[PDB]
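# Observations on the model geometry
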Amino acid sequence: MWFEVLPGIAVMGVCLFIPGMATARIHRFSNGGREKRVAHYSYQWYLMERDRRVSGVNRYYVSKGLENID
Amino acid sequence: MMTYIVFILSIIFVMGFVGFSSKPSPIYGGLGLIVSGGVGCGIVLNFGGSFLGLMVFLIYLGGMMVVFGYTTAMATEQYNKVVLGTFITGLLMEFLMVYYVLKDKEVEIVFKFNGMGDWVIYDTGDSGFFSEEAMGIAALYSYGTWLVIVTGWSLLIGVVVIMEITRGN
Amino acid sequence: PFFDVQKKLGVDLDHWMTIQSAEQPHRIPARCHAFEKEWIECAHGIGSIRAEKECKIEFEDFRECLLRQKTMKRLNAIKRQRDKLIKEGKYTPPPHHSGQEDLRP
Amino acid sequence: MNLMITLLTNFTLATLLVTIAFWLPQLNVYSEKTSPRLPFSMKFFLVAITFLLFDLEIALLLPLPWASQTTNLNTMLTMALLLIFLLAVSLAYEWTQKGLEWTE
Amino acid sequence: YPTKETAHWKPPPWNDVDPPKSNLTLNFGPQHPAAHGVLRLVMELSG
Amino acid sequence: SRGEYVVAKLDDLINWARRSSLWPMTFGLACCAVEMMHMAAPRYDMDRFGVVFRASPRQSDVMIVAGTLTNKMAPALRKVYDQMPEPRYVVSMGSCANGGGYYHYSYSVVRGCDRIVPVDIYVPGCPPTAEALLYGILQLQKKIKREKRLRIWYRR
Amino acid sequence: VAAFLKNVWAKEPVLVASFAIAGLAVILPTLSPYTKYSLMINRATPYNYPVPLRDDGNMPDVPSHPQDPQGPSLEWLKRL
Amino acid sequence: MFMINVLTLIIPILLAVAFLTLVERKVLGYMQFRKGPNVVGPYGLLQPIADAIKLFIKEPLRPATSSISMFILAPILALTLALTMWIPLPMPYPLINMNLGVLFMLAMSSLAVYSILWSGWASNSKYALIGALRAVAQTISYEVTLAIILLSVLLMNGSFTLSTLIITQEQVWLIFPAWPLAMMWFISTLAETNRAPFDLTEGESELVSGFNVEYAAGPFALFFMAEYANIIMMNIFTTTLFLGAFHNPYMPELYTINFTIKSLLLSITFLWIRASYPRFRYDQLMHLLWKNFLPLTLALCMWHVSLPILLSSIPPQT
Amino acid sequence: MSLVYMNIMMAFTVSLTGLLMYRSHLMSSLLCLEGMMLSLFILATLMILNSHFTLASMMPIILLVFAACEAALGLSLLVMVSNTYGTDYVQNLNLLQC
Ligand SMILES: CCCCCCCCCCCCCCCCCC(=O)OC[C@H](COP(=O)([O-])OCC[N+](C)(C)C)OC(=O)CCCCCCCCCCCCCCCCC
Ligand SMILES: CCCCCCCCCCCCCCCCCC(=O)OC[C@H](COP(=O)(O)OCCN)OC(=O)CCCCCCCCCCCCCCCCC
Ligand SMILES: CCCCCCCCCCCCCCCCCC(=O)OC[C@H](COP(=O)(O)OCCN)OC(=O)CCCCCCCCCCCCCCCCC
Ligand SMILES: CCCCCCCCCCCCCCCCCC(=O)OC[C@H](COP(=O)(O)OCCN)OC(=O)CCCCCCCCCCCCCCCCC
Ligand SMILES: CCCCCCCCCCCCCCCCCC(=O)OC[C@H](COP(=O)(O)OCCN)OC(=O)CCCCCCCCCCCCCCCCC
Ligand SMILES: CCCCCCCCCCC1=C(C)C(=O)C(OC)=C(OC)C1=O
Ligand code: SF4
């Protein structure tokens, strides 16, 4: 009866689920298990490039805390 | 190569203007002005004018060239030596300009121009938690009162003018 | 016919967008705020004829701030001599000009 | 940069699908099928120009989410309501002089 | 002063109004031939 | 051989896709249009076979000639058939489209639509029922299923 | 005036709703008690750096530390 | 690593567009007391594959074209715009997280009329050109209320960033303060994609869709799949902008499932509208725009300007 | 100065000489005129973003709005010319020689 439309809607829902889950896992993969740094403004980009300079390995996501100072 | 990206887009911009200014038809002229508006929007976007480039795509290419193609469809039938000859003339003059300014790193067509890429002339600071261009456009309402008055009045008058002169009575 | 109605009535119709040194939103300075302020405070009141000759130095500094023609010419000279010395093999770039030095902060 | 890669990828996929849609049905060599100004409306042009002028008024109206952050809120609110009022006055004059007729 | 070139010119109209120097005819039928399908209509549209 | 197997599977693929996605251009000439509309009714429901209802006249796979063809609409029928992209198919529906029918000896009736267009399936009746028309469409799909386009291409 | 208002609400309810919503948008911020707080929040949002003053000797209203009592306060924004 | 992300956006777009045809035919089947496809696959699952293979080997139609270059460029531009409308969509993290994503989508949807206009140019008919001008005039008409309703909504957001619009709707759905904007938005997005009851070129009320005349068209499958990419995209955009879901930054798939279910319900609401109403006459939806939607749009635009000032609720800039 | 300024100026002169040399149509003239406007838009925007002069960020929008209203007025003149003469050809606009 009416539930016969549900395999097509289920396939369409999996096809809509794949881009978002995919880009969430990719942003966690390429950023050290965290969210991608959103730099919409120039101050956020300055902090981000400062992270890229202070990490030493040319990667902004390598976070350095209190262990990096004496 | 990638440091010269605004220069490459500006050469594509001049090539597109030589394209539609040769005027094969207003149809292909409109198409050439659309492609030229897209690459000039890219030029604007690569200096940091994100809102102004989206104003290109949304207002210029989004409304006005739509109305030009709309009127070209409606007031012209549905689609040479002189066109292609003036096209290759403009293309050869622009590539000779490119060749001169890349071999000398200096040129003088009317004024003097540097031959390096235009990445050299940028600022080395930040703007904080705002865009300077966005806040200057937000200043249209707070600081630009008289400018809004004359622009809105000119648009109201423009509606009145087009309804008068297209009436035919 | 410059009917100066803005000064007769005391309204600010378009004086605000006129120069870069005016009051800006969120106190944003231009890239040549100081040079333009110096040229304007030089040329104020003295007339255009006296401003062409007595404010030449501030105006040349301000035009060269705007267009950066002498600056880009000097950088062209330094970079062309650098590439010529790489061509002759009399020079090698230092490690702080090759990207292998772990930038400051 | 990532945007330019994405635009080129979308353009490339579109062009590849267009190439498939034009050349793949040219593989199956079919039969050779040998058997065997425009009228002007003023109303189409007036709806196009009314769109264009209202889109210019929209172009004035677009920095309002940024304009609401100002310190001069009396002036900003006045000029905001004044631009939307002039858009409505353009619509009212477009109404009453029979501009919105037969494409209402 | 009528010359060789400027001799074919006429004086303008006195009211400065020139003569203007028609509508669409559509051959029309029903879109999908299921209900009617066998109708031919020769329209004379006016926009 | 390997190439014969590959072209056999590719013929199976294209025949599956063509028979299972038929789009009909029905001519609603006469009473058979009512019974085609019952072949699209919710009892018989041509749309569950992939046979869509109210397809475009231009991108259709089969021209169902459903009604009485007259001498005044013979060039219109042939012009529509000339506009159809291949593979185009013709199902004749009912006796007037088959052979003139109840109006066979008339001065103004084309005696069968096979005098004008090449016909693949003949669906007989006056009117042939919606079930009989759906039988004719399924027999058309069987006729599409046993096409050998790439096998004959490989053997020429 | 109420017969015409019912007449235009019977004939053209879209335009009546349009002029009513636009009339509220015009006249209502002059009557709202919270229109003042819009200004007070927009001017108290620190987009720039609070460039300090050289302590000459007599500036009692200007604090010497952020946690000093004097200076502009945002207790009204925390409370409202 | 980023190209993998671009592909995992744009290929499931094409697969969801393929199966929206199945979902439409099945739901329009069961809403019409009948079935949709259930013979071609198990429960109809092979109907989009069969239909796409059927369309992709079909002959070019009958005629030649007036302009070959625009006949090629109009499907290219339609598909390119219909794929670039997805890249700023926060789902919960967008592919291209740009500051002006709303404005980007408004501009790239304003550019979508060039495919209609250039396909009207490329066909040899002078009547298909008139029909294309009618469709262009319809689309640019409803772009006005798209822009102004969109602006009025983003006055409660603070910026043109689409990713901020998830943060805006954490306490309430934004349809609760702006349901008149939401209902005019939904009907205007319905009228953008030439969707019923506004599909005047695909149906009657049309000078050219008239049983055996001229006008070479392009490949139907590419225009059709660009149209359904536009439909799924505008339903996702309406979902993000009025029915915003809960975002947990440690479990983003909760947001992804939630807005996916809402977007599916909204695309099914498109399917349920098209199986319910007769079409407008062309001047009747011109009337519906200019004399009905647009005065309410300007009135509510004034209200949503003046309202965060009278309530002291101006949203943050950043 | 900057190299891109040469290209935007030369684009303005290209659309100038195209506007200053008619072939047949009036629509081609209006397209060259709006290409001139486009080059003005780009060049003003590059100056204003180049100098970080904040208040003139609203200037290219005002340029765009006024000259697109100008474009609408020119298209309306073209519509009236094409309704009078049947085409938008500029050689039909020749009655003012006498
Ligand atoms: C976003 C998620 C979903 C949101 C909801 C949308 C889904 C529901 C869709 C239902 C099916 C729609 C299918 C297509 C229908 C197309 C036709 C159509 O929409 O026609 C619109 C009709 C057209 O009107 P009409 O044609 O019926 O009326 C006749 C018109 N005249 C008289 C001119 C001839 O209505 C509108 O245009 C109304 C738009 C929305 C109005 C919102 C008003 C809000 C309330 C304001 C305040 C009122 C109180 C008074 C003042 C108080 C002051 C304090
Ligand atoms: C993001 C998710 C996207 C998912 C998209 C797809 C959704 C649907 C998923 C699959 C559903 C079931 C598919 C069943 C296909 C039909 C199989 C069938 O009946 O084949 C029979 C046919 C003839 O067999 P024969 O041997 O002649 O039989 C005689 C028996 N005495 O035999 C043949 O024709 C030969 C075998 C054909 C097998 C075809 C299998 C289906 C292919 C569909 C393409 C997509 C599949 C999924 C891809 C993504 C996941 C990997
Ligand atoms: C080296 C060797 C290989 C060489 C290259 C070939 C590769 C494989 C090609 C695909 C498979 C070829 C065979 C196709 C089907 C042939 C078998 C067949 O006819 O099965 C019939 C059966 C249904 O029987 P039917 O007669 O319809 O019954 C009515 C209901 N009782 O049919 C069914 O049950 C369903 C049949 C499904 C067919 C397969 C699924 C479609 C193809 C998927 C991949 C291609 C498309 C990719 C995506 C396209 C765009 C979306
Ligand atoms: C001052 C407030 C702000 C005002 C400016 C902002 C307005 C925002 C909305 C934009 C409206 C734009 C278009 C306005 C056009 C008005 C003229 C008009 O439409 O007149 C024609 C109409 C009769 O329609 P008809 O010609 O028959 O068309 C066929 C459709 N069935 O005629 C009518 O139906 C009569 C229309 C006028 C009467 C409406 C009265 C509404 C009263 C509501 C309560 C009071 C609201 C407060 C404001 C005071 C209003 C006087
Ligand atoms: C007939 C011809 C072919 C037709 C088919 C193909 C063309 C049509 C479809 C493609 C349309 C392309 C639109 C590209 C511009 C979109 C605006 C844009 O770039 O916005 C994103 C972003 C601004 O956002 P924001 O976050 O503020 O900036 C980043 C700071 N964190 O800004 C950025 O990220 C800027 C990135 C660098 C600049 C790239 C600009 C695009 C490349 C040049 C133009 C190419 C297209 C030319 C033709 C377009 C159609 C007219
Ligand atoms: C890439 C995948 C392409 C799938 C194409 C599916 C086309 C839709 C099939 C049925 C159909 C519907 C619903 C439809 O609405 C329509 O327009 C009236 C058609 O064209 C005549 C159709 O054929
Ligand atoms: S075969 Fe008979 S019943 Fe059928 S359409 Fe003809 S006249 Fe009518």
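Residues numbered from 1 in each chain as written, not as in the entry; some residues may be left out. Chains lettered and ligands numbered in written order. Part of a larger assembly, values for the part shown. Heavy atoms only, no water.

Looking at the method and resolution fields of the entry, one finds cryo-EM and 3.0 Å.

Another point: the site of ligand 4. Neighbouring residues of ligand 4: 15 residues in total, closest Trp95(D), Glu12(G), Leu15(G), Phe19(G) and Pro295(H). Interatomic distance of 2.6 Å between a side-chain N/O atom of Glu12(G) and a nitrogen atom of ligand 4. The fraction of the free accessible surface of ligand 4 (1,200 Å²) that becomes covered by protein chains is 61%. If you list the elements that add at least two residues to the shell around ligand 4, you get helix 4 (73-96) of chain D, helix 2 (13-27) of chain G together with helix 11 (282-310) of chain H. Of the residues forming the shell around ligand 4, the biggest block, 6 residues, is contributed by helix 2 of chain G. Residues of the shell around ligand 4, tallied by class, amount to 12 nonpolar, 2 polar and 1 charged. (Near = heavy atom within 4 Å. Polar contact = N/O pair within 3.5 Å; in protein donor to acceptor, adjacent residues only side chain to side chain. Areas by Shrake-Rupley, 256 points an atom, 1.4 Å probe, with all protein chains shown as cover. Helix = DSSP H or I, 4+ residues; strand = E, 2+ residues; numbered from the N terminus. Nonpolar A, V, L, I, M, F, W, Y, C, P; charged D, E, K, R; others polar.)

Attention shifts here to a positive patch on the surface. There is a patch of like positive charges on the surface, built from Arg40(E), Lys72(F), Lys79(F) and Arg62(H). You can see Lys72(F) is positioned in the loop between strand 2 (62-66) and helix 3 (74-82). (Patch = residues over 30% accessible without salt bridge, like charges linked within 9 Å, V, L, I, M, F, W, Y side chains within 5 Å. Salt bridge = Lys/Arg side-chain N within 4 Å of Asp/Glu carboxyl O. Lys, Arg positive; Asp, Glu negative; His and termini not counted. Charge placed at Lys NZ, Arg CZ, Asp CG, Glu CD.)

Right, let's get into the nonpolar core. Judged by nonpolar contacts, the single largest core of 273 residues is most densely connected at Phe51(B), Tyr60(B), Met65(B), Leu64(D), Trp86(H), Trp118(H) and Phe237(H). Broken down by element, this core gets its largest block of residues, 19 residues, from helix 11 of chain H. (Core = buried A, V, L, I, M, F, W, Y, C linked by side-chain atoms within 4.5 Å. Buried < 20%, exposed > 50% of the residue type's maximum accessible area, 1.4 Å probe, protein only.)

Between chain D and chain B, the residue contacts involve 41 residues of the former and 38 residues of the latter. Each partner contributes to the roughly 3,500 Å² buried at the junction of chain D and chain B, and carbon and sulfur atoms together form 80% of this total. When the area that chain D buries against chain B is broken down by residue, the three leading residues are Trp66(D), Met79(D) and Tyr93(D), summing to 18%. The tally of links from chain D across to chain B stands at 3 residue pairs in polar contact. Listing elements by their share of the side of chain D that touches chain B, those giving two or more residues are helix 2 (42-61), helix 3 (64-67) and helix 4 of chain D. If you tally residues by element for the side of chain D that touches chain B, the top one is helix 2 of chain D, at 16 residues. The class makeup of the residues in the side of chain D that touches chain B is 30 nonpolar, 7 polar and 4 charged. (Contact = heavy atoms within 4.5 Å. Buried area = accessible area lost by both parts, 1.4 Å probe.)

In this section: the UniProt feature "transmembrane region" in chain B. Residue and element names in this part refer to chain B. When the UniProt feature table is mapped onto this chain, "transmembrane region" is found at residues 1-21, 25-45, 47-67, 82-102 and 143-163. As annotated, residues 47-67 comprises 86% helix and 0% strand, and the C-alpha atoms at either end are separated by 29 Å. For residues 82-102, helix accounts for 100% and strand for 0%, while the C-alpha atoms at its two ends are 30 Å apart. (UniProt positions renumbered as here; feature names shortened; annotations may be inferred.)

Turning our eyes to something else, we now look at the interface of chain B and chain I. Chain B puts 76 residues into the contact, and the matching count from chain I is 57 residues. Overall, the association of chain B and chain I removes approximately 5,500 Å² of surface from exposure, summing both partners, and the carbon and sulfur fraction of that is 81%. A per-residue breakdown of the area chain B buries against chain I is headed by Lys23(B), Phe68(B) and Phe113(B), which together make up 13% of the total. Our count for the chain B to chain I interface comes out at 0 salt bridges. Run the count over chain B and chain I and you get 12 residue pairs in polar contact. Looking at the side of chain B that touches chain I, the elements that each hand over two or more residues are helix 1 (5-21), helix 2 (26-45), helix 3 (50-74), helix 4 (81-104), strand 2 (112-114), helix 5 (132-142) and helix 6 (145-165) of chain B. The element best represented in the side of chain B that touches chain I is helix 3 of chain B, accounting for 12 residues.

All names here are of chain B. Taken together, the side chains of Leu-84, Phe-87, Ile-88, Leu-92, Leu-96, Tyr-99 and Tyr-100 present a nonpolar region at the surface, about 690 Å² in accessible area. Position of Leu-96 among the secondary structure elements: in helix 4. What makes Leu-96 partly exposed here is its relative accessible area of 35%.

The top pair by number of contacts, from a total of 20 pairs of chains in contact, is chains B and I. There is a gap between chain B and chain E: no contact, and a shortest C-alpha distance of 12 Å. No interface is formed between chain G and chain I, the nearest pair of C-alpha atoms being 15 Å apart.

Right, let's get into the environment of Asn235(H). All names here are of chain H. In this structure, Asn-235 sits in helix 9 (residues 220-242). Spatially, the C-alpha atoms of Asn-235 and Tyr-127 are 32 Å apart, while their sequence positions differ by 108 residues. For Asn-235, the residues in contact, after removing those within four places along its chain, are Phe-186, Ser-263, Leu-266, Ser-267 and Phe-270. Of note is the side chain of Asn-235, whose polar atom sits 2.7 Å from the backbone oxygen of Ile-231.

Okay, the packing of aromatic side chains next. Any two aromatic rings considered together are summarised by their centre-to-centre distance and by the angle between their planes. Per the counting criterion, the structure on display carries 29 aromatic pairs over all chains. The interplanar angle of 50 degrees and the centroid separation of 5.2 Å between the aromatic rings of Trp39(C) and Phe59(C) together place this pair among those described as tilted. A residue pair is termed long-range when its members are at least 10 positions apart, and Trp39(C) in helix 2 (residues 33-43) and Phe59(C) in helix 4 (residues 56-67) qualify at 20 residues. Note on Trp39(C): relative accessible area 27%, which makes it partly exposed. Consider the rings of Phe27(F) and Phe211(H), whose centres lie 5.7 Å apart with planes at 75 degrees: the pair is edge-to-face. With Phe27(F) in strand 1 (residues 24-28) and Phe211(H) in the loop between helix 8 (179-192) and helix 9, the pair connects residues from two separate chains. Here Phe27(F) and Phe211(H) have matching classes, each one buried. Taken together, the ring pairs in this structure connect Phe13(B), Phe17(B) and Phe20(B) into an aromatic cluster. Geometry around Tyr37(G) places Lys36(G) over its ring, the cationic atom sitting 4.2 Å from the centre. Just above the ring of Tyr282(H) sits the side chain of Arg134(H); from NZ or CZ to the centre is 4.3 Å. (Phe/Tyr/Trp six-rings, centres within 6.5 Å; stacked < 30°, edge-to-face > 60°. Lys NZ or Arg CZ within 6 Å of the ring centre and 35° of its normal.)

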